[PDB]
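Colleague: I am sharing data_12.cif, which consists of mmCIF, C-alpha atoms and all ligand atoms:
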```
data_entry
loop_
_atom_site.group_PDB
_atom_site.id
_atom_site.type_symbol
_atom_site.label_atom_id
_atom_site.label_comp_id
_atom_site.auth_asym_id
_atom_site.auth_seq_id
_atom_site.Cartn_x
_atom_site.Cartn_y
_atom_site.Cartn_z
ATOM 1 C CA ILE D 1 -12.123 -18.245 12.103
ATOM 2 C CA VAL D 2 -12.743 -21.865 13.108
ATOM 3 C CA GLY D 3 -11.621 -23.108 16.506
ATOM 4 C CA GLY D 4 -10.288 -19.735 17.561
ATOM 5 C CA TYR D 5 -11.462 -17.494 20.367
ATOM 6 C CA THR D 6 -13.240 -14.215 20.940
ATOM 7 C CA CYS D 7 -10.481 -11.607 20.730
ATOM 8 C CA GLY D 8 -12.039 -9.017 23.015
ATOM 9 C CA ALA D 9 -13.238 -5.598 21.873
ATOM 10 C CA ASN D 10 -10.487 -3.689 20.062
ATOM 11 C CA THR D 11 -7.729 -6.009 21.166
ATOM 12 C CA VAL D 12 -6.756 -6.198 17.480
ATOM 13 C CA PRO D 13 -6.746 -2.448 16.797
ATOM 14 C CA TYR D 14 -5.344 -2.740 13.240
ATOM 15 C CA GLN D 15 -8.129 -5.149 12.207
ATOM 16 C CA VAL D 16 -10.534 -3.608 9.754
ATOM 17 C CA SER D 17 -13.869 -4.824 8.396
ATOM 18 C CA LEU D 18 -14.522 -4.023 4.747
ATOM 19 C CA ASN D 19 -18.187 -3.284 4.299
ATOM 20 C CA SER D 20 -20.296 -3.048 1.148
ATOM 21 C CA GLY D 21 -23.644 -3.050 2.961
ATOM 22 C CA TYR D 22 -22.375 -5.985 5.026
ATOM 23 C CA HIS D 23 -18.992 -7.206 6.169
ATOM 24 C CA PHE D 24 -17.296 -9.061 3.301
ATOM 25 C CA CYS D 25 -13.573 -9.094 4.104
ATOM 26 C CA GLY D 26 -11.063 -8.093 6.687
ATOM 27 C CA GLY D 27 -8.040 -5.917 6.181
ATOM 28 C CA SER D 28 -5.233 -4.370 8.136
ATOM 29 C CA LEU D 29 -4.640 -0.693 8.911
ATOM 30 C CA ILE D 30 -1.002 0.037 7.999
ATOM 31 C CA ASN D 31 -1.272 3.771 8.483
ATOM 32 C CA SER D 32 -3.849 6.447 9.013
ATOM 33 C CA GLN D 33 -4.916 6.513 5.400
ATOM 34 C CA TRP D 34 -4.183 3.028 4.069
ATOM 35 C CA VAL D 35 -5.519 -0.483 4.503
ATOM 36 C CA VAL D 36 -4.036 -3.624 3.105
ATOM 37 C CA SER D 37 -6.298 -6.493 2.196
ATOM 38 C CA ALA D 38 -6.483 -9.345 -0.276
ATOM 39 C CA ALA D 39 -6.852 -8.669 -3.963
ATOM 40 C CA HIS D 40 -9.529 -11.367 -4.066
ATOM 41 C CA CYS D 41 -11.569 -9.063 -1.816
ATOM 42 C CA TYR D 42 -11.546 -6.342 -4.422
ATOM 43 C CA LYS D 43 -14.866 -4.735 -5.217
ATOM 44 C CA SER D 44 -16.129 -1.183 -5.631
ATOM 45 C CA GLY D 45 -18.077 0.761 -3.019
ATOM 46 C CA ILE D 46 -15.941 -0.244 -0.061
ATOM 47 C CA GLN D 47 -16.397 1.410 3.273
ATOM 48 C CA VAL D 48 -13.590 0.726 5.695
ATOM 49 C CA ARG D 49 -14.774 0.049 9.238
ATOM 50 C CA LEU D 50 -12.194 0.598 11.940
ATOM 51 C CA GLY D 51 -12.524 0.176 15.700
ATOM 52 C CA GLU D 52 -14.995 -2.638 15.192
ATOM 53 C CA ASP D 53 -15.718 -5.407 17.544
ATOM 54 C CA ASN D 54 -19.342 -6.343 17.129
ATOM 55 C CA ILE D 55 -19.823 -5.518 13.455
ATOM 56 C CA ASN D 56 -23.610 -5.403 13.913
ATOM 57 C CA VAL D 57 -23.806 -3.034 16.843
ATOM 58 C CA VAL D 58 -22.523 0.506 17.060
ATOM 59 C CA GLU D 59 -20.500 0.260 20.252
ATOM 60 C CA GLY D 60 -18.828 3.666 20.203
ATOM 61 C CA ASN D 61 -15.292 3.187 18.911
ATOM 62 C CA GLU D 62 -15.933 2.650 15.219
ATOM 63 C CA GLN D 63 -14.613 4.818 12.483
ATOM 64 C CA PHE D 64 -16.379 4.367 9.156
ATOM 65 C CA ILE D 65 -14.481 5.776 6.219
ATOM 66 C CA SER D 66 -15.112 5.190 2.547
ATOM 67 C CA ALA D 67 -12.281 4.110 0.289
ATOM 68 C CA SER D 68 -11.178 6.703 -2.234
ATOM 69 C CA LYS D 69 -9.020 4.260 -4.206
ATOM 70 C CA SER D 70 -8.328 0.543 -4.376
ATOM 71 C CA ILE D 71 -5.161 -0.814 -5.916
ATOM 72 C CA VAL D 72 -4.987 -4.489 -6.654
ATOM 73 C CA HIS D 73 -1.461 -5.755 -6.990
ATOM 74 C CA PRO D 74 -0.262 -5.282 -10.604
ATOM 75 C CA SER D 75 0.404 -9.026 -10.895
ATOM 76 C CA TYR D 76 -2.523 -10.392 -8.934
ATOM 77 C CA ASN D 77 -3.620 -13.603 -10.608
ATOM 78 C CA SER D 78 -7.131 -14.606 -9.564
ATOM 79 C CA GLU D 79 -6.743 -18.110 -11.016
ATOM 80 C CA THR D 80 -3.617 -19.002 -9.034
ATOM 81 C CA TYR D 81 -4.108 -16.408 -6.256
ATOM 82 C CA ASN D 82 -0.527 -15.306 -6.782
ATOM 83 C CA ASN D 83 0.061 -11.810 -5.421
ATOM 84 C CA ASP D 84 -3.214 -11.740 -3.493
ATOM 85 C CA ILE D 85 -2.840 -8.260 -2.090
ATOM 86 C CA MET D 86 -4.634 -4.986 -2.517
ATOM 87 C CA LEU D 87 -4.212 -1.526 -1.055
ATOM 88 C CA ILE D 88 -7.145 0.636 -0.154
ATOM 89 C CA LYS D 89 -6.736 4.328 0.476
ATOM 90 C CA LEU D 90 -9.194 5.998 2.865
ATOM 91 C CA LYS D 91 -11.035 9.186 1.831
ATOM 92 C CA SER D 92 -9.814 10.715 5.078
ATOM 93 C CA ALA D 93 -7.226 9.767 7.669
ATOM 94 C CA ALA D 94 -8.372 7.554 10.514
ATOM 95 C CA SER D 95 -7.800 8.971 13.994
ATOM 96 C CA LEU D 96 -5.311 6.641 15.605
ATOM 97 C CA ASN D 97 -5.713 5.819 19.333
ATOM 98 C CA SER D 98 -5.442 2.607 21.391
ATOM 99 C CA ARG D 99 -8.495 0.997 19.668
ATOM 100 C CA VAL D 100 -7.565 2.056 16.146
ATOM 101 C CA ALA D 101 -3.936 1.547 15.392
ATOM 102 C CA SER D 102 -1.760 0.688 12.478
ATOM 103 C CA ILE D 103 0.198 -2.537 12.306
ATOM 104 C CA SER D 104 3.874 -2.429 11.364
ATOM 105 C CA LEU D 105 5.051 -3.784 8.036
ATOM 106 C CA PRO D 106 7.629 -6.549 8.412
ATOM 107 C CA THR D 107 11.293 -5.943 7.651
ATOM 108 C CA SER D 108 12.051 -9.654 7.474
ATOM 109 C CA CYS D 109 9.938 -12.610 6.437
ATOM 110 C CA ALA D 110 8.742 -14.891 9.221
ATOM 111 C CA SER D 111 10.121 -18.416 9.516
ATOM 112 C CA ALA D 112 8.288 -21.724 9.860
ATOM 113 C CA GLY D 113 7.355 -22.458 13.462
ATOM 114 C CA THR D 114 6.633 -18.805 14.222
ATOM 115 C CA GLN D 115 3.344 -18.285 16.062
ATOM 116 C CA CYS D 116 1.031 -15.741 14.475
ATOM 117 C CA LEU D 117 -2.292 -14.123 15.294
ATOM 118 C CA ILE D 118 -4.966 -14.382 12.642
ATOM 119 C CA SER D 119 -8.276 -12.590 13.170
ATOM 120 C CA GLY D 120 -11.549 -11.925 11.448
ATOM 121 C CA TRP D 121 -15.309 -12.158 11.388
ATOM 122 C CA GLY D 122 -15.292 -15.167 9.106
ATOM 123 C CA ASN D 123 -17.235 -18.388 9.416
ATOM 124 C CA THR D 124 -16.627 -20.273 12.683
ATOM 125 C CA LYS D 125 -17.609 -23.729 11.455
ATOM 126 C CA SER D 126 -15.517 -26.356 9.646
ATOM 127 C CA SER D 127 -18.723 -27.855 8.275
ATOM 128 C CA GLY D 128 -21.768 -25.674 7.637
ATOM 129 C CA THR D 129 -21.741 -21.978 8.527
ATOM 130 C CA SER D 130 -22.094 -19.576 11.425
ATOM 131 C CA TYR D 131 -20.780 -16.058 11.214
ATOM 132 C CA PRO D 132 -19.799 -14.308 14.480
ATOM 133 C CA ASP D 133 -20.501 -10.657 15.128
ATOM 134 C CA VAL D 134 -17.465 -10.119 17.374
ATOM 135 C CA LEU D 135 -13.884 -10.487 16.204
ATOM 136 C CA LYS D 136 -12.424 -13.963 16.472
ATOM 137 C CA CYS D 137 -8.741 -14.740 16.900
ATOM 138 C CA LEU D 138 -6.571 -17.762 16.303
ATOM 139 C CA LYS D 139 -2.923 -18.324 17.103
ATOM 140 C CA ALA D 140 -1.336 -20.500 14.464
ATOM 141 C CA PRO D 141 2.228 -21.454 13.582
ATOM 142 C CA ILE D 142 3.642 -20.889 10.144
ATOM 143 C CA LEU D 143 4.148 -24.295 8.547
ATOM 144 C CA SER D 144 7.208 -25.349 6.511
ATOM 145 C CA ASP D 145 7.195 -24.798 2.754
ATOM 146 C CA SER D 146 7.468 -28.559 2.322
ATOM 147 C CA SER D 147 4.340 -29.297 4.355
ATOM 148 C CA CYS D 148 2.441 -26.421 2.740
ATOM 149 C CA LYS D 149 3.326 -27.878 -0.635
ATOM 150 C CA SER D 150 2.326 -31.393 0.411
ATOM 151 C CA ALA D 151 -0.914 -30.035 1.819
ATOM 152 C CA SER D 152 -2.146 -28.413 -1.361
ATOM 153 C CA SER D 153 -3.402 -29.640 -4.722
ATOM 154 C CA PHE D 154 -2.858 -26.073 -5.972
ATOM 155 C CA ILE D 155 0.406 -24.605 -7.170
ATOM 156 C CA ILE D 156 1.841 -22.693 -4.196
ATOM 157 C CA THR D 157 4.172 -19.791 -4.767
ATOM 158 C CA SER D 158 6.868 -18.023 -2.829
ATOM 159 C CA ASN D 159 4.309 -15.240 -2.355
ATOM 160 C CA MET D 160 2.269 -17.536 -0.153
ATOM 161 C CA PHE D 161 2.800 -19.278 3.152
ATOM 162 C CA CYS D 162 0.563 -21.614 4.991
ATOM 163 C CA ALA D 163 -0.183 -21.557 8.693
ATOM 164 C CA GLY D 164 -2.371 -23.532 11.002
ATOM 165 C CA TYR D 165 -2.681 -27.124 12.147
ATOM 166 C CA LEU D 166 -2.557 -30.123 9.879
ATOM 167 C CA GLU D 167 -4.780 -32.065 12.247
ATOM 168 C CA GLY D 168 -7.630 -29.717 11.390
ATOM 169 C CA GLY D 169 -10.095 -27.849 13.572
ATOM 170 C CA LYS D 170 -8.313 -24.475 13.634
ATOM 171 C CA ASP D 171 -8.041 -22.223 10.607
ATOM 172 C CA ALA D 172 -9.203 -18.994 9.007
ATOM 173 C CA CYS D 173 -12.267 -19.261 6.791
ATOM 174 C CA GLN D 174 -14.503 -17.454 4.314
ATOM 175 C CA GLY D 175 -15.131 -13.945 5.554
ATOM 176 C CA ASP D 176 -11.675 -13.693 7.175
ATOM 177 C CA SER D 177 -10.224 -13.032 3.712
ATOM 178 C CA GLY D 178 -7.991 -10.009 3.551
ATOM 179 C CA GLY D 179 -7.470 -9.997 7.287
ATOM 180 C CA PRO D 180 -4.128 -9.896 9.103
ATOM 181 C CA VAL D 181 -1.659 -12.521 10.097
ATOM 182 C CA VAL D 182 0.584 -10.824 12.583
ATOM 183 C CA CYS D 183 3.743 -12.464 13.888
ATOM 184 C CA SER D 184 5.846 -10.778 16.539
ATOM 185 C CA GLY D 185 4.035 -7.484 16.128
ATOM 186 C CA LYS D 186 4.518 -7.465 12.359
ATOM 187 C CA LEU D 187 1.970 -7.915 9.597
ATOM 188 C CA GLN D 188 3.373 -10.989 7.865
ATOM 189 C CA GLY D 189 0.265 -12.309 6.210
ATOM 190 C CA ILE D 190 -3.096 -11.672 4.609
ATOM 191 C CA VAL D 191 -5.849 -14.274 4.766
ATOM 192 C CA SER D 192 -5.830 -15.494 1.186
ATOM 193 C CA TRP D 193 -7.259 -18.971 0.592
ATOM 194 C CA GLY D 194 -7.677 -22.522 1.755
ATOM 195 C CA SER D 195 -9.353 -25.748 0.729
ATOM 196 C CA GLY D 196 -12.458 -25.762 2.863
ATOM 197 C CA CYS D 197 -11.844 -24.560 6.412
ATOM 198 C CA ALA D 198 -10.109 -26.306 9.281
ATOM 199 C CA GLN D 199 -9.862 -29.596 7.387
ATOM 200 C CA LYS D 200 -7.171 -32.132 8.201
ATOM 201 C CA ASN D 201 -4.077 -31.544 6.094
ATOM 202 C CA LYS D 202 -5.609 -28.473 4.544
ATOM 203 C CA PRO D 203 -4.022 -25.501 6.295
ATOM 204 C CA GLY D 204 -4.845 -21.920 5.507
ATOM 205 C CA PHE D 205 -2.844 -20.045 2.919
ATOM 206 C CA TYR D 206 -1.717 -16.475 3.373
ATOM 207 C CA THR D 207 -0.237 -13.831 1.161
ATOM 208 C CA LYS D 208 3.369 -13.480 2.180
ATOM 209 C CA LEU D 209 3.317 -9.758 2.893
ATOM 210 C CA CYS D 210 7.064 -9.329 3.469
ATOM 211 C CA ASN D 211 7.464 -9.830 -0.294
ATOM 212 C CA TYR D 212 5.328 -6.749 -1.020
ATOM 213 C CA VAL D 213 6.777 -4.198 1.353
ATOM 214 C CA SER D 214 8.538 -2.279 -1.448
ATOM 215 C CA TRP D 215 5.466 -2.190 -3.636
ATOM 216 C CA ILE D 216 3.376 -1.188 -0.624
ATOM 217 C CA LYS D 217 5.661 1.660 0.465
ATOM 218 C CA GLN D 218 6.179 2.912 -3.084
ATOM 219 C CA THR D 219 2.475 2.748 -3.911
ATOM 220 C CA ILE D 220 1.485 4.595 -0.735
ATOM 221 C CA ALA D 221 4.241 7.183 -1.274
ATOM 222 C CA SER D 222 3.024 7.838 -4.833
ATOM 223 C CA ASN D 223 -0.689 7.916 -4.048
HETATM 224 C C1 LIG D 301 -4.721 -21.377 -4.745
HETATM 225 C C2 LIG D 301 -5.728 -21.172 -5.832
HETATM 226 N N1 LIG D 301 -5.348 -21.414 -7.013
HETATM 227 N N2 LIG D 301 -6.975 -20.777 -5.543
HETATM 228 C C3 LIG D 301 -7.436 -20.487 -4.195
HETATM 229 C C4 LIG D 301 -8.483 -21.537 -3.862
HETATM 230 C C5 LIG D 301 -9.604 -21.610 -4.890
HETATM 231 O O1 LIG D 301 -10.361 -20.431 -4.774
HETATM 232 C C6 LIG D 301 -11.386 -20.329 -3.879
HETATM 233 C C7 LIG D 301 -11.744 -19.050 -3.464
HETATM 234 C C8 LIG D 301 -12.781 -18.883 -2.560
HETATM 235 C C9 LIG D 301 -13.459 -19.992 -2.081
HETATM 236 N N3 LIG D 301 -14.514 -19.827 -1.190
HETATM 237 C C10 LIG D 301 -14.394 -20.327 0.171
HETATM 238 C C11 LIG D 301 -13.243 -19.711 0.942
HETATM 239 C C12 LIG D 301 -12.979 -18.350 0.861
HETATM 240 C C13 LIG D 301 -11.935 -17.803 1.595
HETATM 241 C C14 LIG D 301 -11.166 -18.614 2.426
HETATM 242 C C15 LIG D 301 -10.121 -18.055 3.161
HETATM 243 C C16 LIG D 301 -9.377 -18.861 4.005
HETATM 244 C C17 LIG D 301 -9.651 -20.231 4.075
HETATM 245 C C18 LIG D 301 -8.857 -21.110 4.971
HETATM 246 N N4 LIG D 301 -9.285 -22.363 5.181
HETATM 247 N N5 LIG D 301 -7.814 -20.654 5.543
HETATM 248 C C19 LIG D 301 -10.689 -20.788 3.340
HETATM 249 C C20 LIG D 301 -11.443 -19.973 2.515
HETATM 250 C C21 LIG D 301 -12.484 -20.523 1.772
HETATM 251 S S1 LIG D 301 -15.828 -19.223 -1.711
HETATM 252 O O2 LIG D 301 -15.577 -18.287 -2.779
HETATM 253 O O3 LIG D 301 -16.523 -18.552 -0.652
HETATM 254 C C22 LIG D 301 -16.719 -20.498 -2.307
HETATM 255 C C23 LIG D 301 -18.192 -20.160 -2.259
HETATM 256 O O4 LIG D 301 -18.642 -19.346 -3.103
HETATM 257 O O5 LIG D 301 -18.896 -20.701 -1.374
HETATM 258 C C24 LIG D 301 -13.098 -21.282 -2.485
HETATM 259 C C25 LIG D 301 -12.055 -21.450 -3.395
HETATM 260 C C26 LIG D 301 -9.048 -21.638 -6.311
HETATM 261 C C27 LIG D 301 -7.995 -20.569 -6.566
HETATM 262 CA CA CA D 302 -19.557 -2.090 15.865
#
```
Starting from the file, lay out its structure as structure tokens.
Modeller:
Amino acid sequence: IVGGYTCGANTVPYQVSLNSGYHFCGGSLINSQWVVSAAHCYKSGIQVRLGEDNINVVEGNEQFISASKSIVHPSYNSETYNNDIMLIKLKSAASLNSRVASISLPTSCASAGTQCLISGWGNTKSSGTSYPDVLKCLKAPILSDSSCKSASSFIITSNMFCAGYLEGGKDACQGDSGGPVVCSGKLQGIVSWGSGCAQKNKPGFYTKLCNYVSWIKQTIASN
């Protein structure tokens, strides 16, 4: 997260760190046994880390739980990033409390202009790299489809939205991948991709989670 702020320990209780020996992606706890993340974060040997603030220090509220199953969206396209969403089932249910909490799935898509909270342990620099150990947060408005389209050399789909600030300086970044974009208490987005980080006219792109609610509920129900 570039140009954001330190969230505060466990102020984003649905935020998860996916760990394969090191933090590699964020994700969002959507119930006691399931995490949603980006399909581009897929890899084997995932441990889900809940209750994290400082990902390098055991501070007493973590729950570490290995994934028993990952399910990349059936139509995830890694070339176009279409359908960049993955579900991860935990080997055992997380214990939910104030510091570990699920985030609600949306029932309606969010509209342009809506302010959202994006969080993660991704790179904090627009040029070069510095990775924070505590969770970073950024409030960013969803941008219009027209400006998202104008802002990207890549084909954008209806399963993506962009959010951020065209003037640059504030954006998600590498390492925030898979993490939540929450708008009005609903998980509306997943950190998906961007061209560089926090560059002028290059806003972050996010998987439009409201489009996947049926797949998500059906997949969880059947697994
Ligand atoms: C839309 C599309 N067709 N895509 C997505 C973009 C591109 O794929 C990628 C995927 C990953 C990267 N990486 C950077 C990267 C990764 C994740 C991000 C998440 C958000 C944001 C943002 N600003 N909100 C920028 C990000 C930039 S990379 O793999 O780490 C390159 C490397 O190895 O150093 C760079 C390009 C090509 C495929
Ligand atoms: Ca910790």
Colleague: Write out as AutoDock Vina command-line options an axis-aligned box for segment 42-56 of chain D: all of its atoms listed in the file, 8 Å added on each side, centre and edge lengths in Å with one decimal.
Modeller:
```
--center_x -17.6 --center_y -2.5 --center_z 6.0 --size_x 28.1 --size_y 23.8 --size_z 39.2
```
Colleague: Selected by the PyMOL selection byres (((chain D and resi 93) around 12) and not hetatm) in the shown coordinates: which residues, as a ChimeraX atom specification?
Modeller: /D:29-35,48,50,63-68,89-92,94-96,100-102
Colleague: Nearest to residue 137 of chain D among D:28, D:153, D:119, D:10, with distances taken over all atoms listed in the file: which residue is it?
Modeller: D:119
Colleague: Could you tell me which residues the PyMOL selection byres (((chain D and resi 143) around 8) and not hetatm) returns for this structure, as a CSV table (one decimal) with C-alpha atoms, keeping the file's coordinate frame?
Modeller:
```csv
chain,number,residue,atom,x,y,z
D,112,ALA,CA,8.3,-21.7,9.9
D,113,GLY,CA,7.4,-22.5,13.5
D,141,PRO,CA,2.2,-21.5,13.6
D,142,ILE,CA,3.6,-20.9,10.1
D,144,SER,CA,7.2,-25.3,6.5
D,145,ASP,CA,7.2,-24.8,2.8
D,147,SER,CA,4.3,-29.3,4.4
D,148,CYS,CA,2.4,-26.4,2.7
D,161,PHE,CA,2.8,-19.3,3.2
D,162,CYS,CA,0.6,-21.6,5.0
D,163,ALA,CA,-0.2,-21.6,8.7
D,164,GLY,CA,-2.4,-23.5,11.0
```
Colleague: Can you list, as number ranges by chain, the residues that the PyMOL selection byres (((not hetatm)) within 10 of (chain D and resi 302)) selects here?
Modeller: D: 9, 17, 49-64, 133-134
Colleague: Which residues form the shell of 10 Å around ligand LIG 301 (chain D) when you count all atoms listed in the file, given as a PDB file with C-alpha atoms, in the coordinates of the input?
Modeller:
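Below is the file that was written, pocket05.pdb:
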```pdb
ATOM      1  CA  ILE D   1     -12.123 -18.245  12.103  1.00  0.00           C
ATOM      2  CA  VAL D   2     -12.743 -21.865  13.108  1.00  0.00           C
ATOM      3  CA  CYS D  25     -13.573  -9.094   4.104  1.00  0.00           C
ATOM      4  CA  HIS D  40      -9.529 -11.367  -4.066  1.00  0.00           C
ATOM      5  CA  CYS D  41     -11.569  -9.063  -1.816  1.00  0.00           C
ATOM      6  CA  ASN D  77      -3.620 -13.603 -10.608  1.00  0.00           C
ATOM      7  CA  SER D  78      -7.131 -14.606  -9.564  1.00  0.00           C
ATOM      8  CA  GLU D  79      -6.743 -18.110 -11.016  1.00  0.00           C
ATOM      9  CA  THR D  80      -3.617 -19.002  -9.034  1.00  0.00           C
ATOM     10  CA  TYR D  81      -4.108 -16.408  -6.256  1.00  0.00           C
ATOM     11  CA  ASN D  82      -0.527 -15.306  -6.782  1.00  0.00           C
ATOM     12  CA  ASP D  84      -3.214 -11.740  -3.493  1.00  0.00           C
ATOM     13  CA  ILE D 118      -4.966 -14.382  12.642  1.00  0.00           C
ATOM     14  CA  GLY D 122     -15.292 -15.167   9.106  1.00  0.00           C
ATOM     15  CA  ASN D 123     -17.235 -18.388   9.416  1.00  0.00           C
ATOM     16  CA  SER D 126     -15.517 -26.356   9.646  1.00  0.00           C
ATOM     17  CA  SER D 152      -2.146 -28.413  -1.361  1.00  0.00           C
ATOM     18  CA  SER D 153      -3.402 -29.640  -4.722  1.00  0.00           C
ATOM     19  CA  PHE D 154      -2.858 -26.073  -5.972  1.00  0.00           C
ATOM     20  CA  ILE D 155       0.406 -24.605  -7.170  1.00  0.00           C
ATOM     21  CA  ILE D 156       1.841 -22.693  -4.196  1.00  0.00           C
ATOM     22  CA  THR D 157       4.172 -19.791  -4.767  1.00  0.00           C
ATOM     23  CA  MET D 160       2.269 -17.536  -0.153  1.00  0.00           C
ATOM     24  CA  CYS D 162       0.563 -21.614   4.991  1.00  0.00           C
ATOM     25  CA  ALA D 163      -0.183 -21.557   8.693  1.00  0.00           C
ATOM     26  CA  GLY D 164      -2.371 -23.532  11.002  1.00  0.00           C
ATOM     27  CA  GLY D 168      -7.630 -29.717  11.390  1.00  0.00           C
ATOM     28  CA  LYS D 170      -8.313 -24.475  13.634  1.00  0.00           C
ATOM     29  CA  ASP D 171      -8.041 -22.223  10.607  1.00  0.00           C
ATOM     30  CA  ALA D 172      -9.203 -18.994   9.007  1.00  0.00           C
ATOM     31  CA  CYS D 173     -12.267 -19.261   6.791  1.00  0.00           C
ATOM     32  CA  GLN D 174     -14.503 -17.454   4.314  1.00  0.00           C
ATOM     33  CA  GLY D 175     -15.131 -13.945   5.554  1.00  0.00           C
ATOM     34  CA  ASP D 176     -11.675 -13.693   7.175  1.00  0.00           C
ATOM     35  CA  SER D 177     -10.224 -13.032   3.712  1.00  0.00           C
ATOM     36  CA  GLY D 178      -7.991 -10.009   3.551  1.00  0.00           C
ATOM     37  CA  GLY D 179      -7.470  -9.997   7.287  1.00  0.00           C
ATOM     38  CA  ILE D 190      -3.096 -11.672   4.609  1.00  0.00           C
ATOM     39  CA  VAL D 191      -5.849 -14.274   4.766  1.00  0.00           C
ATOM     40  CA  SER D 192      -5.830 -15.494   1.186  1.00  0.00           C
ATOM     41  CA  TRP D 193      -7.259 -18.971   0.592  1.00  0.00           C
ATOM     42  CA  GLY D 194      -7.677 -22.522   1.755  1.00  0.00           C
ATOM     43  CA  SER D 195      -9.353 -25.748   0.729  1.00  0.00           C
ATOM     44  CA  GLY D 196     -12.458 -25.762   2.863  1.00  0.00           C
ATOM     45  CA  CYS D 197     -11.844 -24.560   6.412  1.00  0.00           C
ATOM     46  CA  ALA D 198     -10.109 -26.306   9.281  1.00  0.00           C
ATOM     47  CA  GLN D 199      -9.862 -29.596   7.387  1.00  0.00           C
ATOM     48  CA  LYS D 202      -5.609 -28.473   4.544  1.00  0.00           C
ATOM     49  CA  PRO D 203      -4.022 -25.501   6.295  1.00  0.00           C
ATOM     50  CA  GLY D 204      -4.845 -21.920   5.507  1.00  0.00           C
ATOM     51  CA  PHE D 205      -2.844 -20.045   2.919  1.00  0.00           C
ATOM     52  CA  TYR D 206      -1.717 -16.475   3.373  1.00  0.00           C
TER      53      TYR D 206
END
```
